[PDB]
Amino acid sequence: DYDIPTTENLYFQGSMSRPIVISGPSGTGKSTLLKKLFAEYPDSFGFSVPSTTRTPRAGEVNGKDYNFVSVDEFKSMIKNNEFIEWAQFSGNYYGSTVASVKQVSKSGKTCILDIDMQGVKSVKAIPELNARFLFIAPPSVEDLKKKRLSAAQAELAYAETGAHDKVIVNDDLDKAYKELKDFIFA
């Protein structure tokens, strides 16, 4: 009975769906596990709609391809900590807002954030999110060879500290995938 929405208290910051952060170095099969997940359950998951200051392009829909905002707005969002991550290139800003992640859950889907280590660390610094963290591992670094293998090593070391709620080692694709399902649907 805390902070119940009412006619005089029109606010809806209660409990929502927990978003799921998925990370792991590339080359582990992670993209194959997600394609399968979205193939099998195509009405359950969604991705955050990014924001940008660039001009819309042909076929682009505001609120679906991009949330198209002004530079000033974007700058006020950066300063007020509204982005999980953001970038700037060729004079244009791009980013993912905390809000866009909650927006996904509003349709009834669970948000998946497929992001890297810096991404994981940022989501951790944001108490309003409440994410679950899944890391997809190779069976061994050695296995991963076919340089920027140090990128992989540091993600592997970050995972050792018990950052993620679950590590899935992908030495077998079918079992990896059933562990992905068991985790996501717990």
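One-based numbering along the sequence shown.
Where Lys146 is followed by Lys147 in the displayed chain, the model omits 10 or more of the deposited residues that sit between the two. As the entry records it, the average C-alpha temperature factor is higher for 24 to 32, out of 51 to 59 and 24 to 32. Between 137 to 145 and 121 to 129, it is 137 to 145 that carries the larger average Cα temperature factor according to the deposited entry. The deposited CA B-factor of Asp116 belongs to the highest third of values across its chain. Among all modelled residues in this chain, the alpha-carbon of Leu180 has a temperature factor (C-alpha) in the middle third. Among all modelled residues in its chain, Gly162 ranks in the highest third by Cα B-factor.
For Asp65, the recorded CA temperature factor ranks within the lowest third of the chain's modelled residues.
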